[PDB]
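This report refers to the structure that appears directly beneath it.
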Amino acid sequence: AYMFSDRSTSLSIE
Amino acid sequence: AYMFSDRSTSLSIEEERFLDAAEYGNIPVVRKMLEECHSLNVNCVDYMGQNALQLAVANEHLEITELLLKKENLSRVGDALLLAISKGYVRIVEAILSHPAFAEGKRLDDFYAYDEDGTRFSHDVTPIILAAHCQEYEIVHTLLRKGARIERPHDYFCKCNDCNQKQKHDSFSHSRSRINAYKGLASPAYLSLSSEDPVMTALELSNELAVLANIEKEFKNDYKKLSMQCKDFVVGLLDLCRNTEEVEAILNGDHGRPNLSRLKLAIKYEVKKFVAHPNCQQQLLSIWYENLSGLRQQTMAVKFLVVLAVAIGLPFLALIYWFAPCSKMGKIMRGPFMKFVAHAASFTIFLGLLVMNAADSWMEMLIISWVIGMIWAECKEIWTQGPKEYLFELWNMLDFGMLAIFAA
Amino acid sequence: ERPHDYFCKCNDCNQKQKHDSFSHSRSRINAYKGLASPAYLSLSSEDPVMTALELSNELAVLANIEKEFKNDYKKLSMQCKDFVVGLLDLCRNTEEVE
Amino acid sequence: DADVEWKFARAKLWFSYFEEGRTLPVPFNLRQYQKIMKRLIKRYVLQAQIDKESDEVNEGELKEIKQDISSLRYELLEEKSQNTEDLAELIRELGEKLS
Amino acid sequence: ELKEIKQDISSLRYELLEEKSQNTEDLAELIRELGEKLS
Amino acid sequence: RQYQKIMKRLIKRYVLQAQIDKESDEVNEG
């Protein structure tokens with residue numbers, strides 16, 4: 001689980 | 001009548017119109033025809049006989065893909081996924097990954113396998129391998145966010161159990177799967193998105209590919225190409241840093257520039273264009289001239305010739321270094337450039353004493369003491385090095401041959 | 001249709017060799033360019049590789065028999081050989097390479 | 001390529017001098033790092049996508065645009081059919097109300 | 001540039017389809033007003 | 001038998017690969 005992401009977690013589907 | 005056909009004979013004209021509407025993407029005909037048909041059948045009946053989902057994904061139609069993916073009777077869906085990853089269609093790939101039966105991981109029998117047998121893309125390739133194979137960044141990122149990591153190549157010499165099981169009766173496709181996965185881990189997409197830092201994994205994997213190039217006689221050209229692609233990824237990554245902080249993070253990472261082993265490791269692993277870059281060259285000159293800036297800015301190599309002529313005299317520098325250290329000349333005499341100008345200059349006075357000995361007892365003793373100094377320098381040199389490492393260089397041999405002939 | 005034969009006069013071939021001349025060789029090398037291409041070779045016969053080899057050596061013979069257009073027959077035979085090489089290149093399993 | 005190999009051989013050459021102090025030929029009687037990695041990876045990804053854009057064309061992309069234009073054709077024509085149908089429904093309801 | 005043309009064609013898709021939705025809505029408003037007037 | 005099946009697989013692979021190779025090459029103003 002070493003991948004980098006801009007947002008910590010995907011939040012809103014809308 | 002020797003022609004080959006996918007279907008034995010062309011059967012339904014209505015289903016063939018359904019396929020001609022799925023090929024050119026006529027949405028209202030397939031939407032109105034979804035409900036009122038007798039059954040939704042896998043049509044094939046082409047040169048390659050793709051399904052309606054497969055034929056529709058081949059041409060990029062998102063609405064008919066969404067309409068077909070709700071039919072629940074479909075087949076080849078996985079094969080359509082590998083096809084869409086081959087073509088590089090992001091909308092279609094994300095629309096398929098949300099289909100049923102694709103929950104959690106489906107990645108890494110009786111899957112894909114378009115037309116009853118004989119699937120494409122070597123049958124050992126999972127979605128992520130083909131994703132990083134094609135250099136697709138968005139798709140690789142989506143597949144990694146869903147937790148699909150490439151498996152390791154394992155080992156070449158290790159027989160193990162399953163590796164030995166697949167080495168017999170599966171043979172010659174084992175090497176193909178090995179170099180296929182190796183082509184997987186070796187690409188800029190997987191290298192940048194996969195790990196915590198790219199540069200370390202890229203270097204280590206580069207030297208590992210360099211070893212497996214020599215271990216395996218066949219496919220040596222291809223392993224060379226993969227390792228070279230990796231080295232070029234590292235060079236291209238160091239090229240893009242516009243600030244000193246970033247170039248120091250790329251070169252050094254975590255007495256000038258302490259704890260620099262990464263460049264030492266880069267010349268150990270023979271990464272050619274990493275140490276030749278203008279930024280790295282600037283760094284290494286900053287450490288190379290060091291305490292003496294005045295000659296770093298000096299006009300011409302002729303001033304360096306006068307500087308090596310004035311560094312020719314031993315007694316001042318030797319008497320200084322022996323009687324007291326850490327003076328101004330003590331700080332200068334410790335430095336990368338000064339050892340070079342002094343060593344080279346003393347070599348030149350050895351040649352000069354050779355010429356003056358030849359032209360016409362004291363010259364004898366001096367030359368003898370000089371070659372004894374050379375053999376002691378080779379004592380300190382071979383001390384740290386294993387016989388194989390000492391003998392690695394062709395010139396490193398001829399030198400010892402020269403001094404040995406002098407001794408004889 | 002087959003190119004027929006170069007040396008055989010027959011009847012209709014001899015009829016088209018006079019007053020039709022110089023377009024006879026053009027029709028010959030035209031049909032030969034027809035049978036020599038990957039599409040017809042793959043879709044036409046039961047197996048491609050046999051017909052491709054046999055047709056390759058036949059084009060190699062008719063390159064030397066006819067002095068003119070030797071470059072073009074060379075190009076067609078070379079295109080066929082490259083079809084066979086490209087067809088053997090695509091097999092990913094030992095069963096298929098055997 | 002010769003300049004790269006020269007720079008490398010040079011790097012070995014004066015790289016060998018850093019490790020140990022060697023007096024003469026006469027030896028007589030003796031955090032931030034992670035942030036920087038994120039910036040570099042982001043730059044490299046975006047630059048790589050631009051480099052992918054810069055290179056030529058693929059005929060398959062033109063086949064793709066053609067298929068999209070045809071799908072647009074059929075979709076708009078069908079929207080026309082539905083609009084005309086609802087219109088005719090209206091009109092005929094009116095004409096039945098007037099009769 | 002081809003990515004650009006693709007995006008433009010898709011925007012054209014959505015825009016025309018929405019114009020269809022609005023036209024059908026106003027039409028249905030008309031029709032239903034008529035049917036209420038006749039009832 | 002097995003030989004004919006293998007010939008079908010090889011011909012199918014070759015046709016699809018040939019169409020991809022046709023796609024990969026440039027553009028025609030026409």
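Here, residue 1 is simply the first one shown, and the rest follow in order.
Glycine is no exception: its Cβ is also placed from the backbone N, Cα and C atoms.
Here is what Swiss-Prot says about this protein:
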REPEAT    B:13-42  repeat 'ANK 1'
REPEAT    B:48-77  repeat 'ANK 2'
REPEAT    B:79-105  repeat 'ANK 3'
REPEAT    B:123-152  repeat 'ANK 4'
TOPO_DOM  B:378-390  topological domain 'Cytoplasmic'
TRANSMEM  B:336-356  transmembrane segment
With DSSP, how much of the topological domain 'Cytoplasmic' (B:378-390) is helix, how much strand and how much coil, in residues?
11 helix, 0 strand, 2 coil
Which residue counts does DSSP yield for the repeat 'ANK 2' (B:48-77) in the helix, strand and coil classes, in that order?
15 helix, 0 strand, 15 coil
Do any residues of this chain, six or more beyond the ends of the topological domain 'Cytoplasmic' (B:378-390), have a C-beta under 8 angstroms from a C-beta of it, and if so which?
396, 399-400, 403
